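Quick setup: one chain, the form deposited without the ligand, written in structure tokens, and binding and motion questions come after.
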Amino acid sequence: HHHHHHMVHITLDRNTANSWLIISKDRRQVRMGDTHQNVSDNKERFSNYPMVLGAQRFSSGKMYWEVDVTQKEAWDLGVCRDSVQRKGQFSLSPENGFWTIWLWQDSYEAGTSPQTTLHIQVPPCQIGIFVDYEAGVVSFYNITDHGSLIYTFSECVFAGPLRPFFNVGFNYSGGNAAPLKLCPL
């Protein structure tokens, strides 16, 4: 793909983070702590899941960023509406304001309703995410496999400002402690 020139510098918004997350000083990395991180509660924080938003809000244009997922067993990545539900249980679907893919139990799926099986021959260590606001498109690329397409959501109805979306996953297995990292331009 040739989306690299729409690169944006994403940073994580501490105030949205689940209270078990540890965000690095540079706000470019996040990992599961395996305990409460000694922060106050607020209405922005995702309560049920180890999720956080990027600080940046997008309402126009084309945006691209990359995320490192090396050695993780489970994660969700994509974009979401600024107005998504923060408290209680919910599914990742466009109807709920999310445009995501995930890894879970050695398989990759797109967050449609119901979910869609992805076909990945080379397990990715870094994922590229492209958003074209006007076109209603969110696309995912396998940087480890020369930038091959993973999935395209089209006819998206964003219905509001968009924010980068991250889930580091639980670490019940002791095999999923590795961070999500925003990769340099």
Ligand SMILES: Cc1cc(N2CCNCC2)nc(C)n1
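We number the residues from 1 along the sequence you see.
> For the C-alpha atoms alone, is the average B factor greater in 114-122 or in 34-42, going by the entry?
Mean B over CA atoms: larger for 114-122.
> Take the CA temperature factors straight from the PDB entry and tell me which of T16, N167, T11, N171 peaks.
Within the set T16, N167, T11, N171, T11 shows the top C-alpha B-factor.
> Looking at the entry's B-factor column for C-alpha atoms only, identify whether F58 ranks in the lowest, middle or highest third of its chain.
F58: CA B-factor falls in the highest third of its chain.
> Just say lowest, middle or highest third for the CA B-factor of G147 relative to the other modelled residues in its chain.
As the PDB entry reports it, the C-alpha B-factor of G147 lands in the highest third of its chain.
> In terms of the CA temperature factor given in the entry, to which third of its chain does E66 belong: lowest, middle or highest?
Ranked within chain, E66 CA B lands in the lowest tercile.
> Compared with the other modelled residues in the chain, in which third is the CA B-factor of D106?
It falls in the top third of the chain.
> Is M51 in the lowest, middle or highest third of its chain when residues are ranked by C-alpha B-factor?
Bottom third by C-alpha B-factor.
There is another form of the same protein, the form solved in complex with the ligand; it is not shown, and what comes next is about it.
> Of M63, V67, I150, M51, which residue is found within 4.5 angstroms of the ligand in the deposited complex when only non-hydrogen atoms are counted?
Here the answer is residue option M51.
> Using 4.5 Å between non-hydrogen atoms, is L92 touching the ligand in the deposited complex?
Result yes; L92 sits at the interface with the ligand in the deposited complex.
> In the deposited complex, does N167 have a heavy atom within 4.5 Å of the ligand?
Yes, contact at 4.5 Å.
> Going by heavy atoms, what in 12-45 lies within 4.5 angstroms of the ligand in the deposited complex?
The stretch does not touch the partner at all.
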